[PDB]
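Chains as they are written, first to last, in the numbering used here: chain A, 39 to 81; chain B, 1300 to 1589; chain C, 2 to 194; chain D, 75 to 122; chain E, 30 to 1145; chain F, 37 to 123; chain G, 3 to 79; chain H, 83 to 233. Even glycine gets a Cβ: it sits at the ideal position worked out from N, Cα and C.
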Ligand SMILES: [Mg+2]
Ligand SMILES: [Zn+2]
């Protein structure tokens, strides 16, 4: 901890941060109560 | 019930005053005087009456009664609280900062009448609201002061320079004598002399010593009119401010340690009595912006 | 117009979580909640010394649960740690005796809510006392601006050796006689004495 | 012109390009920081 | 006659008017809303008596306001003629017990008529359950007694404002019409020497364009308005002319982006104002507008007309022109002047009836929209009133009001006075009104109009100071919504026994005298000089026969709560306010005792409060018992009253009800048969009266702390029951059903010792923290046994089972004897919410005795925490050996400016020991002899009305003549002080001490509720810091000023642990607990979690917040 | 939340681990090793009997008997008083 | 037998500063605390209480007693 | 002098007494920046707030380089503006206006050096004031040889 550099986040940086891509608005199936595939909360 | 003894002369003085008041009302009924002039003369008349009855009560009460013992000692209370407990309350503020023409003539021992109680509540509720708002404003002021005053820590033992600040050690010197300043404590005490002082060819107060009662008294007796006290304003320190310029801390009585957060303490001290202030103009006087 | 969502209230936003009185900056980074703490109404204790504060048995026991458990395990009052926890939860006499033994020579920082100036937090020597209200020395009251109409004062526990060192040396109640505003006594109130 | 110079020079000296103004990919908060926690009673609790 | 127990009266003036029904405000408003038998009986009684009253009820008025819906063809119509009720299916106790809203059905006859069919079809429809109000002014919704508080608002009408602008150096005037429902309008004059109009404040515009857009022509405009030069200047500077041009101009300014259309603009102007639906001005709005503008009998109900707009324009210029008296347009001469909004003639209370009516109105408007859509999407001959009307909006709005609304407030049943004061409060905060942020100095401040219409003394002392206030004692509500107060009539200087009710505006014109003014033996005034009050709150006197009204009772200005305090006149306003706020928290005790000294009005407050159980028939009691009392009227009807016994109130206090009447005593209608909480013989009793001596005492009573005997703990003088209610629900989850059983898993055998057969704690089983109340077990869970657990189980051969304990346990720090348990089973006939198979509630009741820390207070704003309870012998005792039950610091009364408590103490002493005055021939003796309070036996209570109390001469003279208690000697010296022997050291105190009896109350700020502690407990989810509150083991907050104060000390390490180790660091907390337990030194703190949350969030706004080191990347 | 590791449970489990390891060390080296493998006190996956009987060089049944003897010895009142309180 | 039992003036003049005294007594308290919890390794570098100690004691109290006695010395690196 | 006297007489009107150093430190904080004028040789903008130290350093640099110094006039601004216009954006961000500072800091791409207090309370590190200083915290402890000789 010496300096908290801040700046504009370019598209390349946001892609680098991401561990995947979100393609659906699904959150959790109404029965199994588990996170869905490729949506929000996806494991 | 017998501890609070209302002055005996009160009834006679107040009936004399009300006789004069009804004379003025009679001479107003004929139009000889404008209503505003009536209000002004009446307000002055009743201010004089309440001051005089306060003096009469102050003379009346003995030194041995409990209220005198617990007000004179500094235990609690104030003389005006006893004034409105024993003597008549006096003029009370009307809503939106006005004054009533018929001030409360009764003390809390005798008991206020109905309209008197109502017109007192008029000011009481305003006082409570003012207290709440002043508390909030003081809190916000303290936050702002603490934020702007952060990052100023003592990070040097002694300053690299010698420049100082001129302060009035003694003022209001009557003819043929020297009188010290009335508020010498908050200004020059707990400060640090930048350089020695010589008045009779001999050093009186050495350099870099804290000022107390004995030193200030001796310097005033020697007759010096000013003094050059080192202060943070003129401090020339490469890193923050030095301990020497700031002078002794006030909670310890000793030279401020290196690394002490002086800015936070300064902001807290400034903002602490913000709730206690609660001062406001008694009356606008009918003029805005003056 | 904002994105009202349900219609009752505007929705929270990424920037809204980073802004305002309830934002992260001023509510979860500069002022945080803390474990090992307590709160209770305050009563006046005149028989105390300037460096003492009375902690009810329940509050003292709950604050010092780890230390009480360690002392119980060391003195063989409880067989193992879990038995010690069961015993302290039950609240037997030996638990309170161990508590009386363990609290001593360990400072606790009494603190009132407004904390206008640095004397708002003052370390004290705890002392077990019956009842459920904190006993506080009348002299140090006026520094807290703490009357006894009805008032709650938070008690915080310095854990590390450094923390209790500071509380013993710096934040002590007896080393703060003078008010920092103008360097005059503040630890000699005037109501009764 | 003073304000324009201030911002233009601030962008010139910094290595980051001005195109960061127009984002192309929107980051997503980690799910635990926007919890859809199970709540007793068959109900649910969600962040906006 | 026998209404109330005897109470010696010190009042000096007789009261013509008796105090009205203290709860009329709620019950009569709801009767009007319902339009039941009571409201129409009242209406016809007023009509035959000549008194005005609205002849149309609330529900029927709102139904009739909705005209039959007409489609685009106008062929069809629905008529809602008559509405009716049926008796409620659930009894009040039944609804309270089983969690049902106390409601009744409401039907209405809908008639279907179509011109094309030429037939009329009638059919009754039912719109849902209507939440009904019990006779005691409370809505029992979902088992919880709610109360709807009246709301202060600005009544609709015109309001003119005068202001000064520093830049302009001249006065600025503005006008505003405030509608009841529609969009608002303002008319500013000489903003910059020209007059303008604010049409929704959309854009800058002149007055000339508006007038031209109307049919009024320029010639007649200047003819009428040619006498004022300013508006002539406005006219001539206006270049545009012609109605069409002005209309299209204003339309373009209002709705730019499209070309102007004549018909569309005219329809828009008609819609925004002249439409009767959008601009529905209430009856009060028209009523006050016709008076203010002076128009003589305009349309009784309707929208503003062009005549009204021109009249307002005229009035505005007359006010600006400086003329103070001018002819009103189409009206008589009227004073033109600026009006202040805060005047109580401009403030209107929305009683419960009007609030519920507004909610019903919006529900019915939604219903009308839905049915109109259905007509637009339905075929003829298949349309009937049953199928078309959708009842969801009405029920869902009247249900969304009583829940989730500021005005429908949770009842506080701390005591009957708290209930009354909650009923009578006028909450200015709420929807469509003065909010907390919108508060200013003026609104909170008292006004001269608040005299008999609002109590100035009592109000919340918190941030909402003055915004909420209790209605005056004698206040009554105008049908329009204003507040009246009674006044006695005066004619040729003779006071008549006739009463007229005056509102806030009718009062201004006349001159009102003061009730405390003396009167002669004859009905004429004794003294020519009489104090009066006049317009503007002036207090100038007017001697002789000049007044016309005077106050009927000196306690008009004080509400019910403030009127309780004795010797209120001697107390400061601030302390009186604090005492009034404090009296609404005294808890009922095991045994209640009525005050020895107090107002004469506690009986009315107690009886009008619903807690007391009074008889409805004049009969003889036949069976008296603890559970119930039976009475038999002479007619033959038998009625038995069931007395509630130890049932939890809203705040968690017992509501035990005692019994007074004997077996064979006679009863009169309305007589009190059973007390309630904080009551005795029908008299309010919020506390016990303790012998008090004023002295500092070894520092225990320092800074208002209180010292009291161990007698109070020993004799249960100050002891109260406190019943807690916590419940669990055996819900059904995905894995399986949770089971309430005695076979709890992973437990010992002795924990489940007192449980019943099905796993419920028995009745009467004392519990403590951790004791099992009801045993419940989770269905199952995916259990992956850990290696250590596996080995331990195998060694011990115990089978860990999927079922997991979730039993209810008493929260930490609790004790009490269980008194009752209730079970509701799904499979049984009982109904439950979805999912919950079984629900169990357990009542745990404890007899909390007074102890150190518990808050105590008196009536006069003197409050303190108990600091020590010395034994009976340590108390400084009196000469006869009677210890003083409480020591109070003398330092308080002079500084607090509340010497009324000293007067109360002296009068309590005088009441305790009777007095005998006969033939003394003294002035005070004469006053007592004519009053009748001359011979008083020991112990009898005394009544000192709030502003007609006992004069100090009376108290002194009585103290001279107290009955000799023992050995023919009086213990209290003439000065009111007595000899006090020190209990501990023994020697007498050097000087006498003031002693007497004070009425002390036990507040609800008990130390048991406040005490909270936390080694380590639950943590929050989104941020890993500890969560707050006491119910969830919450750590205290270390605010910003705390960290500032710690920085001021320079203590960095204590801060570092107080921010990292003790919260917000997940890795650090387990490590520090482990180190403390193992004795190892505390480990180095890590980084906090909230900082990680912050950096992750700011990374989500496209700000690449990178933590870097001096030498390249940093290690974290 | 439910995921937060209760410090009381964590420290109790660590003390349980220490006590269990010490009690196993009290037993003979081979016996402690085989029972630990049978119950995965070193690794999260316990090895069934014949799977213990590969690295140690003993049969699927010899390992069974010595595991049974270890269980019997641990069930002795000696090495049970400390572990009983931990459940 | 109290927190004030070692008066602050002697320690302060021994260490010449107040924060320095806090940190130095804290370091010594940590050292004695980690000594008392050795439980058998017997590292040569660790040093136990120089002054006499009770059967149950706080490490910081013994550290401050050592500072007051003066037999302990410090040296900034 | 004017500021100190005004605020002191405001406080003394009621009866409270605050020492003058507490005011003086804040008054020095307000007067810290200087408005630059005639920014010819210094090459930066004219008429914007600049810290005294930065102005002195730039003047020394330019006079050493031979260019005539850029003039400046002292400027007094309220505490709020002074706090907002601080080098550490992580402290200004913690202050009242979070959004604006974050936008301008991001555009400027300024790295927040952790010197200061409010930023070191956020990170959870040790504040550099009091026991958290470097000089106090680097000391090592060991008894004397005679103490070991005795025991
Ligand atoms: Mg308080
Ligand atoms: Zn310096």
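What does the Cβ neighbour count give for residue i, buried or exposed, with the cut at 16 atoms within 10 Å?
i	result
residue 151/C	buried
residue 61/G	buried
residue 700/E	buried
Between residue i and chain E, is there a C-beta pair that is closer than 8 Å?
i	result
residue 199/H	yes
residue 36/G	yes
I need the straight-line Cα distance from residue i to residue j, nearest angstrom please.
i	j	result
residue 79/E	residue 176/E	33 Å
residue 75/F	residue 68/F	11 Å
residue 1416/B	residue 1423/B	10 Å
residue 160/C	residue 1090/E	9 Å
residue 6/G	residue 1082/E	21 Å
residue 873/E	residue 847/E	4 Å
residue 1513/B	residue 1503/B	12 Å
residue 24/C	residue 906/E	59 Å
residue 22/G	residue 781/E	58 Å
For residue i and chain B, any beta-carbon pair shorter than 8 Å?
i	result
residue 989/E	no
residue 180/C	yes
residue 29/C	no
Report yes or no: is there a C-beta of chain H within less than 8 Å of the C-beta of residue i?
i	result
residue 44/A	yes
With a threshold of 8 Å between beta carbons, is residue i in contact with chain C?
i	result
residue 106/D	no
Taking C-beta to C-beta, are residue i and residue j nearer than 8 Å?
i	j	result
residue 48/F	residue 50/C	no
residue 95/E	residue 384/E	no
residue 104/C	residue 76/C	no
Worksheet item: What are the complete alpha helix (DSSP H) segments, minimum 4 residues, inside the segment 516 to 552 of chain E?
Response: Every alpha helix (DSSP H) of 4 residues or more that sits fully in the segment 516 to 552 of chain E is shown, in chain order, as 535 to 538.
Discussion item. Give the list of continuous alpha helix (DSSP H) stretches no shorter than 4 residues that lie fully inside the segment 75 to 105 of chain C.
Written reply: Annotation note: the segment 75 to 105 of chain C contains the following uninterrupted alpha helix (DSSP H) runs of length 4 or greater, listed N- to C-terminal: 82 to 91, 94 to 104.
Item to complete: Starting from the N-terminal side, write out each stretch of the beta strand (DSSP E) that is 3 residues or longer and does not extend beyond the segment 15 to 81 of chain C.
Response: Complete beta strand (DSSP E) runs here, min 3: 38 to 45, 53 to 57.
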